[PDB]
Amino acid sequence: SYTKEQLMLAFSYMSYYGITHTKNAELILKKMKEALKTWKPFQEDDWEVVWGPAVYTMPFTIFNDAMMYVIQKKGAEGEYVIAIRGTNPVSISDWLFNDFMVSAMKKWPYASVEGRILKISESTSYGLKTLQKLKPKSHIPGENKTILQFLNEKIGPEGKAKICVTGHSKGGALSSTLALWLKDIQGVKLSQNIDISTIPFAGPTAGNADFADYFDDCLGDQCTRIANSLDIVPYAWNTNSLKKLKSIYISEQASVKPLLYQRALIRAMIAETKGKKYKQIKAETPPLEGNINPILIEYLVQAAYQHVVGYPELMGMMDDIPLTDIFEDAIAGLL
Numbered sequence: 002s003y004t005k006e007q008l009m010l011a012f013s014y015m016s017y018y019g020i021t022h023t028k029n030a031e032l033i034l035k036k037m038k039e040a041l042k043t044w045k046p047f048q049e050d051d052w053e054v055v056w057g058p059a060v061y062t063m064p065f066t067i068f069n070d071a072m073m074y075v076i077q078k079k080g081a082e083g084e085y086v087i088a089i090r091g092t093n094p095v096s097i098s099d100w101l102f103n104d105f106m107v108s109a110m111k112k113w114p115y116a117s118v119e120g121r122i123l124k125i126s127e128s129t130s131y132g133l134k135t136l137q138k139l140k141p142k143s144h145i146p147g148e149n150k151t152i153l154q155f156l157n158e159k160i161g162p163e164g165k166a167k168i169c170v171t172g173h174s175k176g177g178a179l180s181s182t183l184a185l186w187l188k189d190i191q192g193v194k195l196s197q198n199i200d201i202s203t204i205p206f207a208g209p210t211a212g213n214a215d216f217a218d219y220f221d222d223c224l225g226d227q228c229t230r231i232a233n234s235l236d237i238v239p240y241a242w243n244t245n246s247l248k249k250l251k252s253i254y255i256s257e258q259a260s261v262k263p264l265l266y267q268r269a270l271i272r273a274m275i276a277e278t279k280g281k282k283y284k285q286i287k288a289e290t291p292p293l294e295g296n297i298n299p300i301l302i303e304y305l306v307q308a309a310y311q312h313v314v315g316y317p318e319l320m321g322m323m324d325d326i327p328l329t330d331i332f333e334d335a336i337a338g339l340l
């Protein structure tokens, strides 16, 4: 009844439990277990959190918050889901528009291509490194092991398995990027007998055209990039895409325009990523055609709705994913 994409949307959203909870992977873990037991999409199988949640959070800052966990389907031998979360996604203008770290880039360290220069933003580079070093704490499944150590120990150096890496928002950019890293080290530091796929939602561009083209050639069909046409997030940071942000919500049915402060940020983003050749992975993939919510006349509010509410809505999951329970007051008046 639920498609693979709908299932991964559920895991991507369950990642958000405790997004506004001001060090407690314990609180999140408890939440995940209850969900895997009550959420409709999780009732057709028996899932088990086998690694994480591993959380990255420091007091007095949230913009770089992150979380990753691994769910294993009971019974099914070698069937795992790696889900990734970044910061509270509703405040797009703050964590996305004000990202200084996309003006500088690092060459992809896990593969090279003749006559190509693969590069990722330092922004995603630091995001990936934090995920590669995360370790669940005491009493948390996967205690004291990095994701790589856990997989190698769980699957064995030559074991056969299936792994889908998913995530929403920053998690969309990170999951797809993490999946490629796992792909690139297979046969060296990871069993070559594992089938790696990824379904990243609403993610901005992790790197440049050459990086994105290499990614496409590597995952091909094993990557399903899901983006809402009216969600502004995926529109960064390809230059052409950025130039569509000012009038993304201007139709013949409604007209929601960005305040001047945001117009200045958009122009700054274009200016700072000019010449970087930022490009979406699976860039030709058709998006889910979104619909402007007429009640939300403020650009930032409309943007938060399309980014967070948009996906479960356009994918028929509204009655399946408990938004208010996950985001609480983060969804203030969006709904």
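Numbered per PDB author numbering, the sequence shown spans residues 2 to 23, 28 to 340. Each residue gets a CB set at the ideal place from its N, CA and C atoms; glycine is no exception.
Burial state of residue i, where buried means 16 or more other Cβ atoms lie within 10 Å
i, result
"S117", "exposed"
"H22", "exposed"
"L32", "exposed"
"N233", "buried"
"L183", "buried"
"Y115", "exposed"
"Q258", "exposed"
"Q48", "exposed"
"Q137", "exposed"
"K124", "buried"
"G80", "exposed"
"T66", "exposed"
"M37", "buried"
"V193", "exposed"
"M9", "buried"
"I302", "exposed"
The ligand GDP heavy atom lying under 7 Å from the CB of residue i
i, result
"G225", "The ligand GDP is absent from the structure shown, which contains no ligand whatsoever."
Cutoff 7 Å; reference residue i; Cβ partners in own chain excluding five residues on either side
i, result
"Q197", "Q191"
"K78", "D50, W52 and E84"
"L187", "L195 and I201"
"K111", "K124, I125, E127 and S130"
C-alpha distance - residue i paired with residue j, whole-angstrom precision
i, j, result
"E333", "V107", "31 Å"
"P263", "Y304", "5 Å"
"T151", "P141", "8 Å"
"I275", "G315", "25 Å"
"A288", "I20", "29 Å"
"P291", "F206", "13 Å"
"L224", "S256", "35 Å"
"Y254", "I326", "26 Å"
"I297", "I168", "35 Å"
Sequence-distant residues of its chain with Cβ nearer than 8 Å to residue i (five each side left out)
i, result
"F12", "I76, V86, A88 and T171"
"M323", "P317"
Cutoff 6 Å; reference residue i; Cβ partners in own chain excluding five residues on either side
i, result
"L250", "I237, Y240 and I271"
"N149", "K140"
"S246", "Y240"
"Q227", "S202"
"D104", "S128"
**Study point:** Contact between the region 265-274 and the region 217-228 (3+ Cβ pairs under 8 Å)
**Key:** They do not touch, by the three-pair rule.
Point to revise | alpha helix (DSSP H) runs contained entirely in the region 112-155, provided each spans 4 or more residues | key: Listed in chain order, the complete alpha helix (DSSP H) runs (minimum 4 residues) inside the region 112-155 are 127-138.
Exercise for review: Mind the definition here: the region 46-59 touches the region 93-108 only if three or more C-beta pairs lie below 8 Å; say whether that holds.
Suggested key: Because the criterion of three Cβ pairs below 8 Å is not met, the region 46-59 and the region 93-108 do not touch.
Review point. If we count Cβ pairs, one from each stretch, closer than 8 Å, do we get three or more for the region 274-293 versus the region 252-263?
Key: Under the 8 Å Cβ criterion, the region 274-293 does not count as touching the region 252-263, having fewer than three qualifying pairs.
Check your understanding: Enumerated in chain order, which unbroken segments of the alpha helix (DSSP H) with a length of 4 residues or greater are wholly contained in the region 243-285?
Key -> Within the region 243-285, the runs of alpha helix (DSSP H) that reach at least 4 residues and sit entirely inside it are, in chain order, 244-247 and 265-278.
Practice item. Please go through the region 156-184 and give each complete beta strand (DSSP E) segment of 3 or more residues, from N-terminal end onward. Key: Under the rule that a run must span 3 or more residues, the beta strand (DSSP E) segments found entirely inside the region 156-184 read 166-173.
**Study point:** Start-end ranges of the alpha helix (DSSP H) lying completely within the region 28-84, minimum 4 residues
**Key:** Every alpha helix (DSSP H) of 4 residues or more that sits fully in the region 28-84 is shown, in chain order, as 30-43.
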